[PDB]
Each structure stands twice: as structure tokens, then as C-alpha cells.
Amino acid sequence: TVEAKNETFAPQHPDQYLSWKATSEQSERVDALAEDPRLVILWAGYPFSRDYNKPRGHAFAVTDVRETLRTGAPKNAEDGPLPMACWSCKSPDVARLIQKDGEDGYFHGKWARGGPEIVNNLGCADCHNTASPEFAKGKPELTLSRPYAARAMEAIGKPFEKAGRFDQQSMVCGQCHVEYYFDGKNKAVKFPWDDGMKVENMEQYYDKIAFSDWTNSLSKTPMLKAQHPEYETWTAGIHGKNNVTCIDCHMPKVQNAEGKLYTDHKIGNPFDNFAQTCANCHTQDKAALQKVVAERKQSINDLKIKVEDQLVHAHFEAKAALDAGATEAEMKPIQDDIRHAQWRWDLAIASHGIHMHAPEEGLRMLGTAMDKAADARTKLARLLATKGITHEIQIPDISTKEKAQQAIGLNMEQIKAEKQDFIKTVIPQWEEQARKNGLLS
């Protein structure tokens, strides 16, 4: 009884439907690797070294997961680099399939397999029990449509159904806006929250089960990859501590033309509606609050770049150590420190809202990353010396995304042409198939 076809709800709920549709205006797709080429080096050997953009409107989730280089150019339903779990946070079709096929059945297999199944935009059935008769009557009926997210909330001692209204509001965002990994043979989404949500809890969690996301191809370090941990870091910041929910800033209550209050579904930058967001709680003016936020943004940016630069040198120094014949046992304590430094850095800055949601926590994490990078490069200098190398390791030119991608052995020309071909030809086929099966309108 999951209804992925969002337009079904438009006549009944035009205020929400129309503002939900309006994230298509948040259309700028900003190239983060271009802005920061050092990312290409840290993520060397991982699909993030190919294509990483800043988040844009919910309306683009499906297009973005289709179009990113990270998903590649699969040639059949069992091909392509990535698994079914990549659709999970993109489309209400995920809730449809989890319902139709069960959770294990949904996760089974490759991302390509879901192409003709997962076609509706991130929407109503992701956050709402749209089956409930109270929903047509205009009550939200908030629900967790994703059982892995429900299990995670229970893991942190906050089961959804026993939570109050205000906790639930943030929990629906917390279905997607979290750090996750792929667990088990089927690569199911799991939130690493069993020992809590602090960078130190997750770090020890991942070490205890010996998990790695990929091996950095320069340093050979078994690495952990952080993703957008908004729920975890918001929980850590002063706003979250005061139960200022994601919704208080992100989905303000606004009035339609006839003066009726509804929830603004145009999920974006809270500053775009300051009067209905921050102004509900703060007497300071818009420019004053923007300036403070911009300053924490810059403070974080400056320290993040320092840590990234240490991390670039460390990877290249570990590369030189390997090139000078370092063995696995020689490298292991170095790679442990790289893994930890980089885990701490990535969780600190993988949420683009960290300077707003929990700037102290972001800054703290970057300091603890820095501590491990120092340990890595110090160990590395001693290892290099034992191989008879006592000079500074030179780094190749990485002044642009293109040079850094080339520096790590990526043929971007081919990766892009194959991708371009996949987008022009396969997508239109997936949409046609979806329509013929009445999955798409």
C-alpha cells in the first residue's frame, strides 16, 4: 500500500505538493572535487575520487544517483560498481520495493537492477504513512518507511513509536541524513550507531568488526568513508540539545494565500525564509546571523584544509615508503594512523551543514584527526629514513581536480564518455520500462 507516484497526492494536498515540487529550483550542482582537488587524493581508489558534488534539491536525488560517475555505466542488471543499497535514500520506490520484495529482496543484487523500478522522486511515502485515512484529512501521520532507520533509532534508545512528536520530526530526516555503511553479503544499509553516534563510538565500532570501505590506492590504507552525518552531529550541537528539530529550520510553518498554515515542503536553506525560521526564536537580524554562520563556515574551512593537506602528504609519503620497499608490517602502524586521521576528518566535514549544526563538534573532530595525521607523518619520516630517504617527499601537481585525478591513474576521459553514453541511452529505456509497468506516470 505504498504509493510512490507523488502526483497522486497533489489534488488532495496542493500546498505541500507544490512546495515539495519546488526544490527543483535548487538546481545548481556544485562540483566539490573541482573546489577541493585534495579530495581526489584522500579518496583515491574510491568512487568519490571520480565525482562528488554538493547536495541540491530533493527533486534531483534520482537524477543525481543516475548521473553521478560513482554509479558507473552498468551493461546489465548484474553489472556496475555499486549495489541496490545506493537507491535507498533517493526515492519512495524504495519503500514500495521493501514492501513488495521484503528488505533482503530489495537489497539483493546491483544498483543497475533497480533502474527500471526506482523512478519516482524522493517524496510523500518516504516520510508519511500515506495509507492512513488521517493523511487524506491533512494530518502528517509521520512514519519511518525504512526499517534499517527504525532499527538504528531503537539502537540509540529512541524507538520511533515511543518517541514524542518533536523527536519524530528529525527522525524522518534521520532515515537518510546519516552516516551509514553496507553490511553483510547483500550490502544492506546499516547506521554504525550500536555504540553511540560520536566519532569515537563509530571509530571503535568499525575497528571491532574490522570493517573497511576501500583501500586507498596510494598508501594502501584500509579506509573508512564518512557520509553526511546530519542526524548525528545535529544531535551533538546546541540546537539539537534544545530539541530545535530539523523541521524548525528546514520545513517552517508558513501560510498559504487563504491564510491557512501548512508545513513548507520546499526543503532548503533556512535563511531563504528567515522570518519563519530563525526569527521565530532569535531577535538578531538576518545579516548578523548569516555573518556568524559564515564565520564558523570559514573557521571550519581553514582548519579542514590544514588537515587535508597533512593527509595529502601522508598518503604520498606512504606511497614513497611502499615505493622504497616498505613491507606490510612496516606500513601497518602508519596505515592505522591514516585510517583514524582520515575517518575523523571525513566525519567532521562530510555534513555540509556542520558549521551551523554543531561547529564546536566539527572543530573538535578536525583537531583529533590532526593528532593522528601528525603520528602518521612522524612514523613515515622514520620509516623512510630506514630505507635511506631523509628528504621531504615531493607531491605531484594537484592544483586542479583534473591533475589530481590524472595523478592517481584515473582516465577521466573514458570514464565520462562511458557515463555520457549510459545517461543518453539507458536512462530513457529505464523510464519507458517503468511507464509500461505503470510504475511511472
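The first residue of the shown sequence is 1; numbering continues from there.
Stretches compared: 21-29, 418-426. Higher mean C-alpha B-factor in the entry: 418-426. Higher mean CA temperature factor, per the PDB entry, when comparing 138-146 with 331-339: 138-146. Comparing the listed residues 225, 198, 228, 187, the entry records the largest Cα B-factor for 187. In the PDB entry, the Cα temperature factor peaks, among 120, 99, 298, 215, at 99. Annotation for residue 180: CA B-factor lies in the lowest third of the chain's modelled residues. Annotation for residue 393: CA B-factor lies in the middle third of the chain's modelled residues. Sorting the modelled residues of the chain by their CA temperature factor places residue 405 in the middle third. Ranked within its chain, residue 274 lands in the highest third, by CA B factor from the PDB record. Ranked by Cα temperature factor within the chain, residue 357 sits in the lowest third according to the deposited record.
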